Amino acid sequence: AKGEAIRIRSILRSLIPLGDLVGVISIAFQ
Amino acid sequence: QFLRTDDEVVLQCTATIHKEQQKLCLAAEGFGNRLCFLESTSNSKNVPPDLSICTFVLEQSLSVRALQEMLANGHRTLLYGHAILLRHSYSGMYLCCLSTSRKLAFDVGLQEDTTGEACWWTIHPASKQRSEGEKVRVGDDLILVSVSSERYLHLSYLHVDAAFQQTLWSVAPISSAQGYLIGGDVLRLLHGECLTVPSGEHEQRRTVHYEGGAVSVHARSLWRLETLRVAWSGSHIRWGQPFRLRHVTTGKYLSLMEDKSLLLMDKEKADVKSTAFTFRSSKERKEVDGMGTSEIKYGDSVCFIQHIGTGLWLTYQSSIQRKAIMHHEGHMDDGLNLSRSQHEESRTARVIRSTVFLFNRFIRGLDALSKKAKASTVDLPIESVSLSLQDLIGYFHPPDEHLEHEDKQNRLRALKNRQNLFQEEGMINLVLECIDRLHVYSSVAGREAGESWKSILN
Amino acid sequence: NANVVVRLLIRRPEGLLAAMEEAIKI
Amino acid sequence: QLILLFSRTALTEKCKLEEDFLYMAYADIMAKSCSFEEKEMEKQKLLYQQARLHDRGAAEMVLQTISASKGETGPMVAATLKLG
């Protein structure tokens, strides 16, 4: 509930899609 | 000198693709197509470019504060820092940014509504010689930046898309006197009875005849004077300059082969002088950089046609098939009178062949599957077609009840004009063919794409 | 300072699922 | 309301005019209702009587029913010319 601060909220999820399965599970398992 | 609102202007980006310049213009289609593309005007002497799909109108220009204020709720001269609203000169839809994808670039296309911050573009300078605030000058090179997407109007490598990278944009003024001619209009070739072209059920209509009666009223007798000038193409039309005669109902350019025959040959077959024409005062300057001087009235006109490649006079001989051909001297019958058409008659004509070209890609594209199995024809467009029927339903939408009785009878009158200019051209016959070709199955083909078979039929 | 350099880093280059996992092998 | 009735009826299209004998009895009642002290008392009263009508759109139900009768010399236009 503000003005154009939601615009940067979309740039961080549309310029970079999530794809986080490479990060969240596989890295801490040795 | 300086651009104002209610000005007709084109956008244009330049690319040097392997030592070859292309000054290609931004152009969107509308009425079935929601996306923009490029139009080559570099080879304007050997292939005609479109004009009515690339000219824009600057509707408004505000500050950024007042724009966000209204979104929270004469003629100005544009300033490098205002935000503008561009609308299409044909479709009447505002140019905006779309949330689709074709990276993080967004695609650029028209849309219906104007509310929200999508349809607004803040101008920007692109050199040290100009800076913020001052008035716009004609022929400048500049940047356009969306408000909503916060990106630049980029030309990529030919996806035209709103990206975070820049691209220059040459602008060029086009237009700005009632009853006088303006470069690019559609009008009637009055005799004293008008020039026509044969009806449907096909000769490819390539002849030229004079006929009489209500056939001039209908959508056959429509011709567009596409002037070779780029800047100030929508000036007044004076005697002496060349202009290709374009058919409007089918899009075939009038190109005289006085050696061979009178032809409305197709698109890329238009050279400079093989299809140019001009108007003579009798039957025997150079350039104006502006909207032109008031030359040719409408009812007070007896205009004589002459080719450029030959220089003779098209005059008719002795159905009504007085087919006119070029004579060396003619008679006193080449004093042609003129009358312009209206803005809904121009609207109805353009949307016919914009769809006629599409349904034939769905008749013969579906006649490719009329064999056993070819399966190589990808020219069976579904999303390009099943969108295009929703506009033609909304184009023929009957007017609502709760309206003013002086407004309903305006809407109901313009509705009946759209139903008559589709009757004569055989659009009623042209849809019944498409209902035939889809009534072969019972729910087909590769049934991943054409799973919308019912919704197209419905 | 939030609204700055992300307004810059759009105009800078810096799929990325291929880079983050292949660095385990390298 | 009555002057709006003849204005809405004139704005439609019928490619001629019907005979409409309500028009020929209310564009006839509306026109049979229209020595220095008298020459400005019988003048400033006439300006009030034609203000019953032209303040109620009656300068349009006689400006349209001429436009709708294209060339018709019928008894309709010869009774809405006594209202103009």
# chains A, B, ... in the order shown; residues from 1 in each chain; ligands from 1
>>> residues_around(residues="residue 18 of chain C", least_positions_apart="6", cutoff="12 Å", atoms="only C-alpha atoms", output="count of residues only")
7
>>> interface_residues(of="chain B", to="chain D", cutoff="9 Å", atoms="only C-alpha atoms", output="ChimeraX atom specification")
/B:405-406,409,413
>>> residues_around(residues="residue 3 of chain C", least_positions_apart="2", cutoff="12 Å", atoms="only C-alpha atoms", output="PyMOL selection string")
(chain A and resi 4-9+11) or (chain C and resi 1+5-10)
>>> closest_residue(among="B:106, B:279, B:180, B:441", to="chain A", atoms="only C-alpha atoms")
B:106
>>> interface_residues(of="chain B", to="chain C", cutoff="12 Å", atoms="only C-alpha atoms", output="PyMOL selection string")
chain B and resi 103-105+149-152+163-166
>>> closest_atom_pairs(of="chain A", to="chain B", cutoff="8 Å", atoms="only C-alpha atoms", output="JSON lines")
{"residue": "A:7", "atom": "CA", "partner": "B:148", "partner_atom": "CA", "distance": 7.7}
{"residue": "A:14", "atom": "CA", "partner": "B:104", "partner_atom": "CA", "distance": 6.3}
{"residue": "A:15", "atom": "CA", "partner": "B:104", "partner_atom": "CA", "distance": 4.6}
{"residue": "A:16", "atom": "CA", "partner": "B:104", "partner_atom": "CA", "distance": 7.8}
>>> residues_around(residues="segment 134-136 of chain B", least_positions_apart="3", cutoff="12 Å", atoms="only C-alpha atoms", output="JSON, numbers by chain")
{"B": [1, 2, 3, 4, 5, 61, 76, 77, 78, 79, 80, 81, 82, 123, 124, 125, 129, 130, 131, 139, 140, 141, 142, 171, 172, 173]}
>>> select_by_dssp(residues="chain C", states="alpha helix (DSSP H)", output="list in words")
residues 6, 7, 8, 9, 16, 17, 18, 19, 20, 21, 22, 23, 24 and 25 of chain C
>>> write_last_selection(atoms="N, CA, C and O atoms", output="compact mmCIF listing (two decimals), in the first residue's frame")
# COMPACT_ATOMS: atom_id res chain seq x y z
N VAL C 6 19.33 -0.42 -8.23
CA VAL C 6 18.43 -1.24 -9.04
C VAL C 6 17.83 -0.45 -10.19
O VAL C 6 17.44 -1.03 -11.20
N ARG C 7 17.76 0.88 -10.08
CA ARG C 7 17.45 1.67 -11.26
C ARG C 7 18.64 1.77 -12.20
O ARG C 7 18.47 2.14 -13.36
N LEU C 8 19.84 1.43 -11.73
CA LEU C 8 21.01 1.36 -12.60
C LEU C 8 21.21 -0.03 -13.17
O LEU C 8 21.39 -0.19 -14.38
N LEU C 9 21.12 -1.05 -12.31
CA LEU C 9 21.47 -2.42 -12.68
C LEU C 9 20.51 -3.05 -13.68
O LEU C 9 20.78 -4.16 -14.14
N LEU C 16 20.39 -18.99 -15.24
CA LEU C 16 21.16 -18.95 -14.01
C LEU C 16 20.89 -20.13 -13.08
O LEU C 16 21.39 -20.14 -11.96
N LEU C 17 20.08 -21.09 -13.51
CA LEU C 17 20.03 -22.37 -12.81
C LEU C 17 21.16 -23.28 -13.27
O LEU C 17 21.54 -24.21 -12.55
N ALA C 18 21.69 -23.02 -14.47
CA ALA C 18 22.81 -23.79 -15.00
C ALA C 18 24.13 -23.40 -14.36
O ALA C 18 25.06 -24.22 -14.31
N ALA C 19 24.25 -22.16 -13.88
CA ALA C 19 25.51 -21.71 -13.33
C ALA C 19 25.66 -22.09 -11.87
O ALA C 19 26.77 -22.44 -11.43
N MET C 20 24.58 -22.06 -11.10
CA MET C 20 24.68 -22.23 -9.65
C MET C 20 24.93 -23.68 -9.25
O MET C 20 25.45 -23.93 -8.17
N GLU C 21 24.55 -24.63 -10.10
CA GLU C 21 24.77 -26.04 -9.77
C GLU C 21 26.04 -26.59 -10.40
O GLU C 21 26.67 -27.48 -9.82
N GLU C 22 26.43 -26.09 -11.57
CA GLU C 22 27.63 -26.60 -12.23
C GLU C 22 28.90 -26.15 -11.53
O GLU C 22 29.97 -26.71 -11.80
N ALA C 23 28.82 -25.15 -10.65
CA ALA C 23 29.99 -24.73 -9.90
C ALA C 23 30.35 -25.69 -8.78
O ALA C 23 31.44 -25.58 -8.22
N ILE C 24 29.47 -26.63 -8.43
CA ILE C 24 29.84 -27.66 -7.47
C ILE C 24 30.86 -28.61 -8.09
O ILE C 24 31.80 -29.05 -7.43
N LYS C 25 30.70 -28.91 -9.38
CA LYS C 25 31.62 -29.81 -10.07
C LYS C 25 32.94 -29.12 -10.40
O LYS C 25 33.98 -29.79 -10.48
